[PDB]
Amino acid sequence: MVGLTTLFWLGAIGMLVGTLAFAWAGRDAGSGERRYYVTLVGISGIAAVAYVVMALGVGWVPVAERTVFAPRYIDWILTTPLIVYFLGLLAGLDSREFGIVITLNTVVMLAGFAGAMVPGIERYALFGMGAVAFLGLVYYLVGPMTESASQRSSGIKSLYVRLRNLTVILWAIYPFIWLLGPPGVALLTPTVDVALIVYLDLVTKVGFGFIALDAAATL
């Protein structure tokens, strides 16, 4: 229990550091720019709360012979569409296309959560639904959204592509962790699972936010 608790506290601290840095960076509150900072504060702030809750030993749900971390999935349901929103803003995406990518994202996270909570082998059908919706989300990120980003200045398009790449490459690792970890075949221990996810969560949220902060200043 000590290892898992320690990892969750590390996640909480890293998320808190991001949250404070984004809130501070955003204080200037430029009318067009404010939205981006508030969104980053929401992304890392919600994650911080989730990690604190888990560190305190809340929401460790036993499912068959594994443990499900409910706050992790609730976190993702809330924070991943905020990341997609940030990317859609950057890309200058149209309202229909925003709706589509937010829908596909929500399918991924709901299917992953539901799958984690189903004891039997039918849970892999839920994983599959999420994997299919994720391929759709990736298509949008690398296709239509990238085309949309090209209507922006070269610097904004470069930022879009940088954050798009970070997002696509790291998000693609999560389903493999689900499959190899406790929700799937339970090869990886809960500690190894949590350690990998803490890194990935930190980089996809904080380590995404700092890249945007850097580009925003350099712009």
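So that there is no doubt, residue numbering starts at 1 and follows the sequence shown. The term rigid core refers to the most C-alpha atoms you can superpose between the two forms while keeping them within 1.5 Å.
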In 7 other deposited structures of this protein, with the rigid core superposed, the stretch whose C-alphas stray more from the shown form, 71 to 79 or 87 to 95, is 87 to 95
Return whichever of 157 to 165 and 57 to 65 has the greater mean Cα B factor according to the PDB record. 57 to 65
Could you settle it for me: does 90 to 98 or 106 to 114 have the higher average Cα B factor in the PDB entry? 90 to 98
Given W9, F208, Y199, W24, the residue at which the Cα B factor reaches its maximum: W24
Is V203 in the lowest, middle or highest third of its chain when residues are ranked by C-alpha B-factor? lowest
Split the chain's modelled residues into thirds by Cα B-factor; is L20 in the lowest, middle or highest one? highest
Where the record places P175 (Cα B-factor, split into thirds across the chain): lowest
Lowest, middle or highest third - CA B-factor, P71: middle
Divide the modelled residues of the chain into thirds by Cα B-factor and specify which third, lowest, middle or highest, holds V194. lowest
